[PDB]
Amino acid sequence: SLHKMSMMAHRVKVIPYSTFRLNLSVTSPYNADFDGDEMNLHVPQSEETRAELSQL
Amino acid sequence: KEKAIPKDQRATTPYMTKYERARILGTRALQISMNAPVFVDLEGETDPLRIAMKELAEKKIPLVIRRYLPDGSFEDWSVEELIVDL
Amino acid sequence: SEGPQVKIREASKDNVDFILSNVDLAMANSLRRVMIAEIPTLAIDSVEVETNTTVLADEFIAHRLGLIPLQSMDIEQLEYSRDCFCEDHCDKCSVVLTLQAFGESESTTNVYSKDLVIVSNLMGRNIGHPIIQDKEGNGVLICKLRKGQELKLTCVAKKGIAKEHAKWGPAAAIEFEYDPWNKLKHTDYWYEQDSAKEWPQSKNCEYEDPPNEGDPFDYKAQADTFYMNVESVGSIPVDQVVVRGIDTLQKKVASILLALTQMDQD
Amino acid sequence: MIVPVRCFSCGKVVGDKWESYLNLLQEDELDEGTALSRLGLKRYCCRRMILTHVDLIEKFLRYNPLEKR
Amino acid sequence: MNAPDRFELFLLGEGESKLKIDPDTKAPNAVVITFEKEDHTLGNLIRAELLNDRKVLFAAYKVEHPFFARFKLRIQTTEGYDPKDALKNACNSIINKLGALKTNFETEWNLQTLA
Amino acid sequence: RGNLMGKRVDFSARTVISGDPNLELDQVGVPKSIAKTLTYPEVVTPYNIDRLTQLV
Amino acid sequence: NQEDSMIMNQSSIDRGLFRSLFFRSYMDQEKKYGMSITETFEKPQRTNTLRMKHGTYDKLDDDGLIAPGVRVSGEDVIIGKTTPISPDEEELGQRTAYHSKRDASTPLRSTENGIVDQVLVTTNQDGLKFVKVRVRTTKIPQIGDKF
Amino acid sequence: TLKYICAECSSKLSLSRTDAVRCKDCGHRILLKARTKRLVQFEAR
Ligand SMILES: [Mg+2]
Ligand SMILES: [Zn+2]
Ligand SMILES: [Zn+2]
Ligand SMILES: [Zn+2]
């Protein structure tokens, strides 16, 4: 996570399987591929942080 | 109160910033989610964030932003009078 | 009767080769898809192991057993366990087989599919018997045992479709081709010097005339005259594979129509 | 460990041809390709299924049974 | 483990209907039909048969996600022609064509000797 | 550096990632188990009383 | 299959493509703390054992071990062991004169499950009884596995 | 008492809590617990 574009806010989509799924066009900012890479997900716990996350 | 700049000589930008908009929306959404009185007619809404966005669009948020300066002084800017163009 | 045409080129107990003419590409593709993934078949679904001293694992043997092909000629007379009114299973929706093998000989003893014995009431049906398709009369080499090793288990077989699990698939490879001469220009042939010399001619080229070698491209032509060859694993006759594929597709379309009428009423 | 029951790619039954394949190789002195063709395996997906199989169950059977009966 | 049960592909769930038809406000006389527990096998066939109707202006189908076994079919017909009736006609054509094909295959097979 | 500037946090998830060409730019696919584990505290309001009761 | 991903045949997976067995081993010993304290393999009861895990002890035998071939799931106890406690120690109440033992069992991994394959009991160099329990599981290819 | 099997001579023994862990026939110090006699269900998938 060397730059601010490596940590961005996404909208959840509950799907069947045991892997996160992300659009291909957003791999470059994350500098990520699908050879086994792992990514972290964080859930806000308040309306203020929720709105800040979705607006910034 | 020498730190309160009178409204007649405010020199800050008259446009709401992205951070100010984000905090205003979040605070109003929190207040609405905590059963706060809504001053805008709702055509059918359940998301406090969406309700707050409607309030911001119609300039019905009773909050004032206290912009601080590096010397400790501050300027009070009403959300209604702050331009939302971003 | 003046609809799709069929011309059988080679018929056998394991492969059926035919030309399906005067049909649409979507219809032919749907036919092969249904024949691959939606023909009901009987296969072992649950296994209870009473004794297992083998070098192999219980799940290993269960998977091998579930992949054994079983007769499914009269499968339509069997009921789905999900749609049957029974606690776990009964004779109306399942077939029970038993396997008992012991290493009575010093040399290695092979446990095949012919050793499975049906202990359920078939009620005069024609389902359950493992398919034997080799000269020696044995079946699939389920396992091997040495002296002193025993395999005792009971299998319960239920009907299903390959969409749920590939073990219910009654059809093997399906040759599917059309326009062997590339007269519709649906493919751009990769080549280095000469595409015609670098790409071998399909065996079906003998059933269609070659291009006129100078005629304008025919933009009004549509795909037709498909060459198909169905291979069957042996659960049901190959002709039955084709017939039941058509039946299944027809039933699915009829179900769509029935649902539409049901919604029309309301 | 033991010969697969079905071909992975297409699902053809190949678990009933291991003994025949070995017999063709040993007694008939036939090449692997000729034996595979004679067994009715036309697609290379099944040809590899029977050609590249390694029989480890034979080695596993060399150990004495853990439990007698 | 989060792998869905395989019977979800074809078995209809509780409170779920095979067809869900909704009007399309994008264009006049247009409807969108959601087929549940169905896939390309029916989608392509129904769409191809619909395209053969002279009174059908638009017929398309799509599968939004392969994870879920359901597909959407958009049908727009000429004024005065019901898209429901267009779908009925396409389905009836499919049924008749498949029946004719089955009869032809049976009669052809009965003429063989090796099997 | 080990406990104040950065620290272990709750309401987070980690797993392998995959590419989904059928997901929007800002959408992220989340496994069902991770969704069932992570929770968000929503305040009860007249606009969501029935939905929250149904969830309970 | 973009960015070093792949598409696998579900039919091939069903037929046995790249399927594997996973064996996991757990070890446990009976430690003797002095001439007074000693641990023993046991099936602790809710009336005489304190701080016992919330899992299910129904699969244990009189020796505190699960016989091979039995299925186990998350939180299931596979080796049941108990140790004595000193008096004059009350924790969250719930400590009465009936309680004289405390659980020190070894539970199965939360996310793992399978069938117990082989359990062996023997003695170490010091003569204390210790046991080894092996659990089998089947790993089938998934949408996250690496090849 | 519970039934065990020697790991070398494959003899079934009946051991109690007091008996030492040892094969009374050959003397081996490793015993494998006898397989449970209750049926276990397996899916053929
Ligand atoms: Mg990488
Ligand atoms: Zn029944
Ligand atoms: Zn094959
Ligand atoms: Zn011994």
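By the numbers in Swiss-Prot, the shown part of chain H spans 26-70.
The backbone N, Cα and C atoms fix where each Cβ goes, and this holds for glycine too.
Swiss-Prot annotations:
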ZN_FING   H:31-51  zinc finger
BINDING   H:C31, H:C34, H:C48, H:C51  Zn(2+) binding site
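Here the features listed in Swiss-Prot are placed on the structure.
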{"residue": "H:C31", "record": "Zn(2+) binding site", "Cβ within 10 Å": "20"}
{"residue": "H:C34", "record": "Zn(2+) binding site", "Cβ within 10 Å": "13"}
{"residue": "H:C48", "record": "Zn(2+) binding site", "Cβ within 10 Å": "19"}
{"residue": "H:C51", "record": "Zn(2+) binding site", "Cβ within 10 Å": "11"}
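Long-range contacts of the zinc finger (H:31-51) within the same chain, counting only residues at least 6 positions beyond its ends with a Cβ under 8 Å from a Cβ of the stretch, are 57, 59. A strand conformation is recorded for H:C31 (Zn(2+) binding site) in the three-state DSSP classification. Those same-chain residues not listed among H:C31, H:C34, H:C48, H:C51 yet with C-beta within 8 angstroms of the centroid of the Zn(2+) site C-beta atoms are H:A32, H:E33, H:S35, H:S36, H:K49, H:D50, H:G52, H:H53.
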